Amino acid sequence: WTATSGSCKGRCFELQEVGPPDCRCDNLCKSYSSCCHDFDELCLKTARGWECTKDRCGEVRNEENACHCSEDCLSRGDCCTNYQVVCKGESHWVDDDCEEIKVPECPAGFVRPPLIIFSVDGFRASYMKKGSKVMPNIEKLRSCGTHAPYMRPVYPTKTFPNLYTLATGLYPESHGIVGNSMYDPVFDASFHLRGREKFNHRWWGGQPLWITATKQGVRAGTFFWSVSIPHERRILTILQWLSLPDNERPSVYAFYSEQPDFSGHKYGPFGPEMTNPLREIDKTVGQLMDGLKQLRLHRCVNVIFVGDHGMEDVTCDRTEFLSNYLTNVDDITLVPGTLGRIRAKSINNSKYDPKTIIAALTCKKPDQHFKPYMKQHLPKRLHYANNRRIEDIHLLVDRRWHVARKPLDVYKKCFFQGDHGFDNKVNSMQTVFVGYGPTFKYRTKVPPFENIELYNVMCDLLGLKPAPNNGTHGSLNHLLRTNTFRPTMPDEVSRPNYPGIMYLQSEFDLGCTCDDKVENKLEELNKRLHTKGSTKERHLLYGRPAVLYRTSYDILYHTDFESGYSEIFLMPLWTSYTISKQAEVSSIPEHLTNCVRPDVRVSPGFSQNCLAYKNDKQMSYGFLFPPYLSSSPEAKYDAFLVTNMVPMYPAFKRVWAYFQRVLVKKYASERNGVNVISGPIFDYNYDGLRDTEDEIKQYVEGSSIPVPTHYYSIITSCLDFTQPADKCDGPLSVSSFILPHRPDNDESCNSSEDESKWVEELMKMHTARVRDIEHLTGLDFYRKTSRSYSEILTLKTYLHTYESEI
């Protein structure tokens, strides 16, 4: 119940939301069906439209008008945005030359530059170039301010997950808005786009910017607007709030536009009908900037123009139906569209089997336009698993396609020509970022970045301490003229041991054998040096990784590679090696095929053993430093040390062997040398974070050798590829991956073919940021470079996407 008999008199767009059953006058009252009876009359005035005209100049104030052209309007803060242009001979903001804003130029009483967020739904990154002719205001913001060629949204590339990621700095799995539609099994409640359940606070986790601001004494405008409030009224409301007394005035504001998403769904991303929505958004930007200029705030406010996701061409005919795959289609519930989520229709049905469902959906049709995954097997870059609202079974849908349960769902729900929600690496899903104001840089282009990073920057812009989030604070310092955040490197927690030769061969009873007993102070002195780290500067280019948790580990040096060997996990946490452009690939000699050698620096009790591999019929082994890339026949023996061995399913060995034998050399030739750091990852609870020992669900049979869920590699070279990786004087270039350690290659439909037809494709799908690997391993990389820490943070957030040019 709401007693709507109260009044909005002097309360229009009030900032504090009044509690029930008292009627509301705020910008969300319509959405709650709770506005006072006179809200439309008083707060949504439309008379005479939105623009001053010559004959309205100096008019007698008529309070009925939507906006004013009278002489008193500036002090009242309610002129039409074009007032000074029409009535006072001023120019529109867009017609002014841009001039660097070196310092905030603010009216007296302003304690900080306000921040205005202008968010646009469905604003695809390529609109900045493709629509440039019809968006002069936005184009001026872009060229005069700081801009990225694009900004990467989060997965799924849906509206609510992205807007709330923007607001919180969190992945959807952490903030809890994991789709536009959700079922929470603990609440036993459903979240929908239409309805009232979505208003319950329990869905919305983390701490959004408006709450962070309020808790730290920075006043915030209300970010959300009821659909029926016209854009012109939203702008006028913001401008009116900016005229409040200092003690009452917010420092942070948001405008939201439902366009171009609304039209993009109907007409496709580049439908000829899309020009008008783009023109109209630009006009709104013009109104804001003209309004700011009138208030003498155009060189004081920081403005962020930001989108949530792009838009792809998608039509009804491009729909895959689960009824063409499953016999039992009525025993499931599907969340459909540009992603699929499957669960049992009834929790009381004991015939339901996720294993048989996945199999029935796996590589069944030649051109199949979706791929099934257990959520924990999704690419780690998506960070889409650690939430009870995310169903165990997920369908990654090809761009341009839908998945639905049955054909009747599609014609009894073509209408639409556009949609979004696909993998967040997809070019059509990319969106926009422009920052303009005293705190942003002048005429500066910055590399693409992820929207999870913005919360930290918005906190910086407002002098706020950010709540704990998934951004890497400092990684976007290069966007800013001032207010940069200067982080310190995390402290190493565990110092390594440096073991020398401490064990005789015969102390080892590992069931390993090697044909290495085929035997000089000239070379014996030399190998002693190598074991003491004489080549470490070549193979460890950026310092040793820091171990940021409590553990027991050894640094092991070799001619060709260096490792940090965990006595706890019985394998390296990391293995580092450099391969020059000139390096040659060799084979594993016949006599060494099954060679495994005890490491006399490491105790039998802290070593793996070959017998466990013999006994475990499912599990084989591989090596982290590849024997194929040994610098010499004698150095090759180092590669067969038991301390370089890791457990690998035979199916995974196909992937790993191809990476190591073919791809590393290929990258070294293309990139002028590469430094490689590889290692295991253990993430059995799929939280994106390093497992402790007691979280490991699988061991090599009969042993304490834990099985990795994933294997990573970080591949670094010089950004200026005229310089070799090991002699680089400037910025670095990186690509990384986190490959799932799976007992089959079911993910790769073409895996029965030669590795050259499918392995690199798989690796590209599992591309990763160094930062993702840091979370998953508790390691901190690039500790010793000649580069600024902020630059290194940006490098650590880089994702190599393998898409063509935007």
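If you superpose the two forms and keep the largest set of C-alpha atoms that fall within 1.5 Å, you have the rigid core. Each residue number is its position in the shown sequence, starting from 1.
K.L.:
Which of the two stretches, 520-528 versus 383-391, has its Cα atoms farther on average from this form in 6 other deposited structures of this protein when everything is superposed by the rigid core?
P.N.:
Taking the RMS over all superposed structures in 6 other deposited structures of this protein, 520-528 lies farther out.
K.L.:
Hey, how big is the hole between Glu519 and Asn520 in terms of deposited residues without coordinates: none, 1 to 3, 4 to 9, or 10 or more?
P.N.:
Unmodelled stretch: 1 to 3 residues, a short break.
K.L.:
What size is the break between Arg486 and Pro487 in terms of deposited sequence residues left without coordinates: none, 1 to 3, 4 to 9, or 10 or more?
P.N.:
Unmodelled stretch: none, continuous chain.
K.L.:
Taking only the CA atoms, which stretch has the higher mean B-factor in the record, 499-507 or 419-427?
P.N.:
Taking the mean C-alpha B-factor of 499-507 and of 419-427, the larger value falls to 499-507.
K.L.:
For the C-alpha atoms alone, is the average B factor greater in 611-619 or in 134-142, going by the entry?
P.N.:
Here the higher of the two C-alpha B-factor means belongs to 611-619.
K.L.:
Just the C-alpha B-factor column, please: which of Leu779, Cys52, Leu762, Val770 has the biggest number?
P.N.:
Max CA B-factor in the entry, restricted to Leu779, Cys52, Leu762, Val770: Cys52.
K.L.:
Quiz for you: based on the deposited Cα B-factor, which of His558, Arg76, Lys158, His175 is highest?
P.N.:
Highest C-alpha B-factor among the listed residues goes to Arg76.
K.L.:
Quick check for you: using the entry's CA B-factors within this chain, is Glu41 in the lowest, middle or highest third?
P.N.:
It belongs to the highest third of the chain when residues are ordered by C-alpha B-factor.
K.L.:
Based on the entry's values, in what third of the chain does the Cα temperature factor of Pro740 lie: lowest, middle or highest?
P.N.:
Within its chain, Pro740 is a lowest-third residue by C-alpha B-factor, going by the deposited values.
K.L.:
Using only modelled residues of the chain, where does the Cα B factor of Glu450 rank: lowest third, middle third or highest third?
P.N.:
Lowest third - that is where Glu450 ends up once the chain's C-alpha B-factors are sorted.
K.L.:
Is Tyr384 in the lowest, middle or highest third of its chain when residues are ranked by C-alpha B-factor?
P.N.:
It belongs to the lowest third of the chain when residues are ordered by C-alpha B-factor.
K.L.:
For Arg11, does the deposited CA B-factor place it in the lowest, middle or highest third of the chain?
P.N.:
As the PDB entry reports it, the C-alpha B-factor of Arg11 lands in the highest third of its chain.
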